[PDB]
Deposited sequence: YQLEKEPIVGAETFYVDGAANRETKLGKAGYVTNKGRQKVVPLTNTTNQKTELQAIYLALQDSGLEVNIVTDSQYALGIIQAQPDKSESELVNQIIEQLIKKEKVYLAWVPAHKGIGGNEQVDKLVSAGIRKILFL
C-alpha cells in the first residue's frame, strides 16, 4: 500500500475519532463524513489509543476505493505511515488489510473533528 501525498478531491472524507474511560475502561469509536454519513460503536474494556485505531478501521470498512481520513491521533498516524508488513496487533493487521484493498487512501493528522468528538465522548 501507498499513502496519497495530498487530498483526493471528490473522495468522501471521514473525521474519525475515539474515546475511552480510564476507570470504566469503556469507550466509543466513530466517525462523521462530509457527505453526512455517520457511525458510533460502543467499546468494552479498551483504551483511547485502541478506540482511535478502532475509528480508523470503521472508516476503512465503510468507505469506497478512494478515501480521505482525518485523525487527531499521532499514535495511529505513526503506525500507518511506517507501512508495516505484519504487526502483533490484530486490530492493526486488520487495518493493514483494509489499506491494501483500497485504490487511494489519504490520511491526515490534526490537532469537522469536533463534530465526531462530541459524539464519541458520551
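**Student:** Numbered from 1 along the deposited sequence, what ranges are absent from the coordinates?
**Tutor:** No C-alpha coordinates exist for 112 to 117, 129 to 136.
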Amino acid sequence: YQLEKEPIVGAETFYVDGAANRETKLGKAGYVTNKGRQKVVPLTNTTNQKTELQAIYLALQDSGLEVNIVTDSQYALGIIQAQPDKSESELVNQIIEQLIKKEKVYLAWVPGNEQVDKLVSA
From here on, numbers count along this sequence of modelled residues.
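**Student:** Taking the recorded C-alpha temperature factors, which stretch has the higher mean, 42 to 50 or 28 to 36?
**Tutor:** It is 42 to 50 that shows the higher mean C-alpha B-factor.
**Student:** Please compare 65 to 73 with 89 to 97 and name the stretch with the higher mean C-alpha B-factor in the deposited structure.
**Tutor:** For C-alpha atoms only, the mean B-factor is higher in 89 to 97.
**Student:** Would you mind finding, among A108, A19, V105, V9, the residue with the largest C-alpha temperature factor in the entry?
**Tutor:** Spelled out: the listed residue with the top C-alpha B-factor is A19.
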